[PDB]
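Below you will find one chain, with nothing else, as structure tokens; this is the form deposited in one PDB entry, and questions on how it binds or moves follow later.
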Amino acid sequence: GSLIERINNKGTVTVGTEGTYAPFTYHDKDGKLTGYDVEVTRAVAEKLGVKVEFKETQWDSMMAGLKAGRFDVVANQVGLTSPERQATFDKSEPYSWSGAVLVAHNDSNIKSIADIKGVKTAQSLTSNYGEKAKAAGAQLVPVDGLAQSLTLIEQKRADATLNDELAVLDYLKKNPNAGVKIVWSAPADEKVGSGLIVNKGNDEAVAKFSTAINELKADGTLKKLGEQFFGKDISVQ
């Protein structure tokens, strides 16, 4: 039947997801499809009493796939920030929130984006966080990426780096040796929220997904899933 009918009649919902992007949607070492985004969707499905089937495809196919009706829903860290994409898709209540954070040495007293004006700040010169550092008046120290940026902070050849909350938390959880720490996080209004994406004209279906999401937010489940994949609740804006 239609999506809302299948949701209401304990039917089957199809979800597009990449399966090649840890810790969001990936194959664990036994082969199981898991990750933050897959596990949220499994718990949402369980709230609505619906069965879920994941359809694994790469990003560019995922979206055309959704629009073309190859699945009902897409789950893949999609914030849908572009006004142009908002005219073609609807997004549920977000089940996770990410934004810029500031990382410095364990010995550091930096606190804000103001504290790095003129400071040595490790970034890739052509990355979106490079532009942010340079805009904030930082002295850029060139690296290729996150691991190299923290190596430099460890060696004291840079004092700070700007990057994404969830990339950083994922790195610090796998590398607890770090010796570095988040000293600032963008406030709520600077954060981007990821949600289940569906085609236009499914308002009743989205409301249900949102409602299930909020249910999972309040009964503790999203907090359990954030702690498992990131060491933190990532469900709060």
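Heads up: residue numbers just count along the shown sequence, starting at 1.
What comes next is about the form deposited in another entry, which is not displayed.
Picking from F71, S98, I153, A75, the hinge for the rigid motion between this form and the one not shown turns out to be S98.
Whereas the displayed form keeps them at a certain spacing, the CA atoms of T20 and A122 lie at least 3 angstroms closer in the other entry. Annotation: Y129/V78 CA-CA distance shorter in the other entry than in the displayed model, change of at least 3 Å.
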